[PDB]
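Shown next, in structure tokens, is the structure this report addresses.
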Amino acid sequence: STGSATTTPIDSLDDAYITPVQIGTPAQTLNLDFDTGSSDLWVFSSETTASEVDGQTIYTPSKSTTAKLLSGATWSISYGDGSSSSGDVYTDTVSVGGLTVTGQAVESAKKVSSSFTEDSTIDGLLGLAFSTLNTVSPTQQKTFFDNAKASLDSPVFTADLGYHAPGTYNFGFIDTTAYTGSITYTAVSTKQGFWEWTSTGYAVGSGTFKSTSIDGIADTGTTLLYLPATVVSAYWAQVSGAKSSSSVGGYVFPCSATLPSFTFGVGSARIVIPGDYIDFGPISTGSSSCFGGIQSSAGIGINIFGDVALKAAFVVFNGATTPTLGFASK
Ligand SMILES: O=C(CNCCc1c[nH]c2ccccc12)Nc1scc(-c2ccccc2)c1C(=O)NCc1ccccc1
């Protein structure tokens, strides 16, 4: 089997992408944020504290003839911004772009933090990191991809995120029309639960390429590119008037600037992120100070190849017995 679904930016900045997901019988369609940096499929629901729902579409398990309460199971997650959600668990039929998994754990939120409440366009998350990170207790659950894998024509999914435009998530096949040249594959470590790999270096603009190993994760659920302070300083040094602002929370630059591209290595191959991808707009409405899309990972503890990086590529998440990652230009 295979599936194919369009993923759509939630706003003009590409702050996140949402993909429609069918849950239950009759289908309930929710717009989920596909997240290769976590492993829980959690949704706004009929159980969510009413004051914490502000425009989201909710999953109502009582209206699904295939929903079953996973007795005694609970879940609780928090992320690096200090956002969180928690609740109980149903199993139900979940379909993505024509690919159906029966018996998928659907984590129904009883509580969500303010950041999620305020994002009316995101109805939940669909995790695609390794199932070792799933938070359900006392019986850990498998991700959608893990449940689908053995049914897929090939044990892969691909992320083809657009820049200010829709893109695609495919399951079970590689669309050879969606990229240019070749896919370069690189090794993955699953030890932290993530699609963790090592970039071979970087370049700023038309600058010479620096060969250096940069370990990080391929994370569709993180907006920006978080890299070591040395690398990030070298980038912003090529932007007149750019500075790191502790009051704003990172590197800012004059909105009148033209940003240089950023290149990262994949083996002997190179992926170029155009400068426009690195512009995240005014720090506040009407400001002439713009927020940068490349930021330091120094307080995080891991480097994160988020959407700013991934949207410059066609990315293969290869879930074979030894997983790997593939990158192609497009
Ligand atoms: O959690 C994910 C992917 N799920 C995102 C869900 C989500 C969290 N608010 C959301 C809001 C909307 C949609 C999805 C999400 N990736 C990872 S691995 C390590 C960190 C981390 C650890 C410590 C410190 C910082 C990052 C994160 C992280 O928190 N990224 C987002 C971020 C990146 C930079 C700064 C803050 C948060």
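Residue numbers in this text run from 1 along the chain shown.
Looks like X-ray crystallography, 1.4 Å, at least that's what the header says.
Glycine too: its Cβ is placed from the backbone N, Cα and C atoms.
In this view, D35 (active site) is surrounded by 24 other Cβ atoms within 10 Å of its Cβ, with every protein chain counted. Taken from Swiss-Prot, the feature active site covers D35 (among others).
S199 (active site) falls within a strand when secondary structure is assigned with DSSP. According to Swiss-Prot, the active site annotation covers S199 (among others).
Long-range Cβ neighbours of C290 (disulfide bond) (same chain, at least 6 residues apart, Cβ-Cβ under 8 Å): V252, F253, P254, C255, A257, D279, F280, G281, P282, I283. If you look up Swiss-Prot, you'll see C255-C290 marked as disulfide bond.
Annotation comment: Swiss-Prot describes 17-328 as domain 'Peptidase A1'.
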Result for ligand 1 contact check over recorded positions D35, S199, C255, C290 with Cβ cutoff under 6 A is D35
Between the C-alpha atoms of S199 (active site) and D35 (active site), the distance in angstrom, to the nearest integer, is 20
Between the recorded positions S199, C255, the one whose Cβ has the fewest other Cβ atoms within 10 Å is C255
